[PDB]
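Residue 1 is where the sequence shown starts when you use the authors' numbering, and the numbers rise one by one after that. The beta-carbon is built from N, C-alpha and C at its ideal position, and this holds for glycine as well. Here's the structure we're looking at; comments come further down.
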Amino acid sequence: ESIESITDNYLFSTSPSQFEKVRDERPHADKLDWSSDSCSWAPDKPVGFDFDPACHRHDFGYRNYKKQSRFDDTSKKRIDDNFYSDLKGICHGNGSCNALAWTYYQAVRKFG
Numbered sequence: 001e002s003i004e005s006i007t008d009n010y011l012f013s014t015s016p017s018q019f020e021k022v023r024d025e026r027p028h029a030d031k032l033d034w035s036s037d038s039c040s041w042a043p044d045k046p047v048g049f050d051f052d053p054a055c056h057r058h059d060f061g062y063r064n065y066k067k068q069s070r071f072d073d074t075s076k077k078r079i080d081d082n083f084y085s086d087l088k089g090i091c092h093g094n095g096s097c098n099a100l101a102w103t104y105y106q107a108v109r110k111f112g
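Following this line, the structure appears as structure tokens:
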């Protein structure tokens with residue numbers, strides 16, 4: 001019932017496409033930041049796949065962990081790794097898409 005527990009359920013207990021349907025309703029928007037850049041920082045996007053749910057969830061984790069004053073390095077790694085998992089799941093074995101998923105993951109690991 002704590003806002004931090006709710007945040008963590010959205011991050012870690014939903015698929016990315018379910019997260020996106022949660023985000024559409026902006027639950028608890030009095031406490032949570034639902035804004036996202038949709039990976040506008042990535043010059044290359046995959047053709048034929050939509051990474052936006054994963055990007056939205058990654059931004060949700062960074063922005064809300066920072067607002068909640070609990071953005072430690074291990075949580076950052078958890079959120080980054082969850083983002084890579086989301087992207088790999090969207091790619092479902094497509095090699096070109098996987099190559100982009102790795103580059104997005106490396107971008108957040110090194111420049112996040």
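For this session: Just list the alpha helix (DSSP H) runs in the region 27-72, keeping only unbroken ones of 4 residues or longer that don't cross its boundaries, in chain order.
Result: 52-67
Problem set entry | Residue range of the alpha helix (DSSP H) that includes residue 17 | Indexing the sequence shown from 1 puts residue 17 at position 17. Where residue 17 is concerned, the enclosing alpha helix (DSSP H) stretches over 16-24.
For this session: Please report the Cβ distance between residue 19 and residue 57, rounded to the nearest whole angstrom; I am assuming they are in contact, meaning their Cβ atoms lie under 8 Å.
Result: The residue you call residue 19 lines up with position 19 of the sequence shown. The residue you call residue 57 lines up with position 57 of the sequence shown. Indeed they touch by this definition, with Cβ atoms about 5 Å apart.
Exercise. Cα separation between residue 4 and residue 46?
Worked result: The residue you call residue 4 lines up with position 4 of the sequence shown. The residue you call residue 46 lines up with position 46 of the sequence shown. Taking the straight line joining both Cα atoms gives about 33 Å.
Exercise. What are the start and end residues of each continuous alpha helix (DSSP H) run of 4 or more residues lying completely inside the region 80-112, in chain order?
Worked result: 95-111
Problem set entry | Inter-residue spacing [alpha-carbon to alpha-carbon] between residue 37 and residue 59 | Position 37 of the sequence shown, counting from 1, holds the residue named residue 37. Position 59 of the sequence shown, counting from 1, holds the residue named residue 59. Their backbone Cα atoms lie some 7 Å apart in a straight line.
For this session: Might you give, ordered along the chain, the residues of its own chain that have their beta carbon closer than 7 Å to the beta carbon of residue 100, omitting 5 neighbours on each side?
Result: Position 100 of the sequence shown, counting from 1, holds the residue named residue 100. Cβ neighbours of residue 100 beyond the five flanking positions: 44 and 46.
Problem set entry | Buried or exposed by the 16-neighbour rule on C-beta atoms within 10 Å, applied to residue 29 | One-based indexing of the sequence shown puts residue 29 at position 29. Answer is exposed; the Cβ neighbour count stays below 16.
Problem set entry | Within 9 Å, strictly: CB atoms of residue 49 and residue 6 | What you label residue 49 is simply residue 49 of the sequence shown in a count that begins at 1. What you label residue 6 is simply residue 6 of the sequence shown in a count that begins at 1. Contact flag unset, no.
Problem set entry | Span of the alpha helix (DSSP H), counted from its first residue to its last, around residue 2 | Locating residue 2 in the sequence shown gives position 2, counting from the first residue. Looking at the DSSP string, residue 2 is not in any alpha helix (DSSP H), and its letter there is neither H nor E.
Exercise. With distances taken between CB atoms, is the gap from residue 61 to residue 40 smaller than 9 Å?
Worked result: As a first step, residue 61 must be located in the sequence shown, where it is residue number 61. As a first step, residue 40 must be located in the sequence shown, where it is residue number 40. Against a cut-off of 9 Å, the Cβ pair of residue 40 and residue 61 comes out as no contact.
Exercise. How big is the Cα-Cα spacing for residue 124 and residue 63?
Worked result: Coverage of the chain is limited to positions 1 through 112, which leaves residue 124 absent and any answer about it impossible.
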